[PDB]
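Each of the two blocks below gives one form of the same protein chain as structure tokens; they are labelled structure 1 and structure 2.
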Structure 1
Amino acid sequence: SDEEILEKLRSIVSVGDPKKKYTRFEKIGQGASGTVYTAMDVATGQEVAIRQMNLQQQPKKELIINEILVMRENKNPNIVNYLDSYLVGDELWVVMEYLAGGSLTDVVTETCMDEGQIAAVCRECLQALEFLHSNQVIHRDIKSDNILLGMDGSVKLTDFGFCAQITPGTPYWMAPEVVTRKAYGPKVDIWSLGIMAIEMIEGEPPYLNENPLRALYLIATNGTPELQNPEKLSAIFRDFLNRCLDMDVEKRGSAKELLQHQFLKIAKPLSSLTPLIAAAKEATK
């Protein structure tokens, strides 16, 4: 249906000349997924990311079309959203939001987050997950590299599909049922969230000083990693981490249920992250 795929796109792609609708293009990267540029919507000022795809000379495409069909009808402030798509000659242009700033990863390693800050980003991530799940979407890669932080402290979840891949080791974030090849569901994201929360408080990944296979083994049997000083953490937080890191999938908290968790109530303002983000952006490059 190489001619039918070109027909379906036409019913989804939007009108207009993206070369007119967007300005200040800037090549960020280039690969098999196509060429990516950051740009700005002339009318609204909205900063965006444009993926120019090779089209014809690019693998499976009605899966890409499937995401478009799914995400174009659903939006959320906590996930990198799909804005528009265009057809320019022999190419396909996908436009996504682009959040300036840094990664939670850089913020975790260079600075020291507190439970107020951790609780703030967990709520934002929970909101994104609750939204993605209600849409029958499993992220599968919830980790510090996939959550974007605006200088605003605002939080966005990315890399949950082809369209929203990161514009530019061991599975430490994967759940037991994943590492053991079992059938899994949405809750594997809750597990990953717990791991992320742990990474934040430790300012470092789970299994750094461990062989890959052994780490997988530990995840499959011990479940939660070991904290250097579990006592320091509070009761509501540990309780939070426990609802997230329960091996019994069905006793494990869900996104919705976890929104109501007391730990979030202790959240600080996202603006509280600005100096950490700023400080983090200074070092790395």
Structure 2
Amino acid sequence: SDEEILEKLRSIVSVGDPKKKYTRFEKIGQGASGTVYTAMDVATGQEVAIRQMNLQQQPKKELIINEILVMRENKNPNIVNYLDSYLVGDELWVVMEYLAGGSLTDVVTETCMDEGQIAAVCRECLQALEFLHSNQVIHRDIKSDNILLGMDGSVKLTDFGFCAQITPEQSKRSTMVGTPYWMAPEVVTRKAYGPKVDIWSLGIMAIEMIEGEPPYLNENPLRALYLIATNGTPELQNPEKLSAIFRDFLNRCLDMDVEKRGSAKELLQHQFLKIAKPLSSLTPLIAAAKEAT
């Protein structure tokens, strides 16, 4: 009930209006997710990203509550920090840290990453995934768009608007919520999938870093899903150009047999990650992609 949902949010949020705690607001995005502003914590100085939503015009408010509760209880260096929330009437404000380096999508579409840089990003993403999976959380919408970058090269996962919490019981999910092109075959074929759907998505993200886009991007989303389910593991355009260890890493992320696919815990030990360059090696690419926009 809209009423109960408001009381629930009321219990979660900090009290009052945010207009005192933040200053130089600047409007960025303005989709259906709400209006997003950059702003400055007046008390810490930290630049933040604030999403403002009008509840009565927000469809699935349970997902928003789930997102806040999950973020609040699963803080991690490789997850964009959830800072606070406020409710003013039917207006809900969610405050996140702001990363000035844009997203991984900007980097893979505007620059050419080398294997050392790719290994670094893959490692940081696997750190977030191992942590989440160890805490029974499946992100379910892993893709470059949801990987934000700091100017120093920090790599953080965001958007828990589609995550799932599992248990011994209800250890598997069925709900098709992720973005088509990055979805694991088992999500579309068969039912009941587990945490490894995020591992498959990470492999597709690695293809993005190599080729600039996930396989089948050119296709209608409806057709990509059928292809993903009927073609299985994607084929690289120029596999010979990659090192044997990177090809092995991709093969482990994109195996069809879920049992055979690597878990986050297993892949964190992969030798491909050991060739990672320092995270600051990403700064030049992030700068180039930001100006190119």
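One-based numbering along structure 1's sequence throughout. If you superpose the two forms and keep the largest set of C-alpha atoms that fall within 1.5 Å, you have the rigid core.
A.B. asks: Which of 220, 48, 249, 241 has its C-alpha displaced by 2 Å or more between structure 1 and structure 2 after core superposition?
C.D. replies: Once the cores are aligned, the residue moving by 2 Å or more is 48.
A.B. asks: For a quick test of reading the superposition: does residue 262 move by 2 Å or more at the CA between structure 1 and structure 2, rigid core aligned?
C.D. replies: Residue 262 C-alpha, core-superposed: shift of less than 2 Å.
A.B. asks: Taking the rigid core as the reference frame, tell me whether residue 161 has a CA displacement of 2 angstroms or more between structure 1 and structure 2.
C.D. replies: Shift of 2 Å or more: yes.
A.B. asks: Kindly check if the Cα atom of residue 271 is displaced 2 angstroms or more between structure 1 and structure 2 relative to the superposed rigid core.
C.D. replies: No, the C-alpha moves less than 2 Å.
A.B. asks: Could you tell me the distance the CA of residue 84 travels between structure 1 and structure 2 after a rigid core superposition, in angstrom?
C.D. replies: Taking the core as reference, the C-alpha of residue 84 is shifted 4.0 Å.
A.B. asks: Can you read me the CA shift for residue 134 between structure 1 and structure 2, rigid core superposed, in Å?
C.D. replies: After core superposition, the C-alpha of residue 134 moves 1.0 Å between structure 1 and structure 2.
A.B. asks: Looking at residue 207, what is the CA displacement between structure 1 and structure 2 after core superposition, in angstrom?
C.D. replies: C-alpha displacement of residue 207 between structure 1 and structure 2: 1.3 Å.
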